[PDB]
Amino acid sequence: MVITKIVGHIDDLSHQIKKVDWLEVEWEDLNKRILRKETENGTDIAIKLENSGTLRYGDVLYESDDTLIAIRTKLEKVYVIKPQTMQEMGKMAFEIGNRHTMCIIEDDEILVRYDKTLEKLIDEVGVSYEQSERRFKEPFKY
């Protein structure tokens, strides 16, 4: 099916009553309005948004009586940088921006894709980080 407009948004997944058939895309796909991929349950989806609205993690593409076809990003290896102070956050964020590395700044953490050549930078700045598996939940601005 061809999707030209979003028809809803999942507020709180745990509270959703309908079955959710997810369309899992790449982080970069959230900044696109054109893409084609199959949902986890096998439905062919071609997103061709007829507007400039940016896709949001959790957006509903199609809704039937008992199912929601929604979009989210894939689970992937990431570095969860945890600055302990306003200064640590600023300095760490600055260095990341300076090397043009994609990231998400949520609350007091900096999410960046796993990148070996990046650890030497975090240590250099002296910020504590942890490796993990997460889904980027916001399209990268830029």
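Don't overthink the numbering: it's just position in the shown sequence, from 1.
Mean C-alpha B-factor comparison - 90-98 and 39-47, higher one: It is 90-98.
Comparing 24-32 with 79-87, which stretch shows the greater average C-alpha B-factor in the deposited entry? According to the PDB entry, the answer is 79-87.
Ranking the modelled residues of this chain by C-alpha B-factor as given in the entry, is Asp59 in the lowest, middle or highest third? CA B-factor rank for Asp59: lowest third.
Using the B-factors in the PDB entry, rank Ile105's C-alpha atom against the chain and give the third, lowest, middle or highest. It belongs to the highest third of the chain when residues are ordered by C-alpha B-factor.
Using the B-factors in the PDB entry, rank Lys5's C-alpha atom against the chain and give the third, lowest, middle or highest. For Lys5, whose C-alpha B-factor we compare with every modelled residue in the chain, the answer is the lowest third.
Give the position of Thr117 by CA B-factor within its chain, expressed as the lowest, middle or highest third. Top third by C-alpha B-factor.
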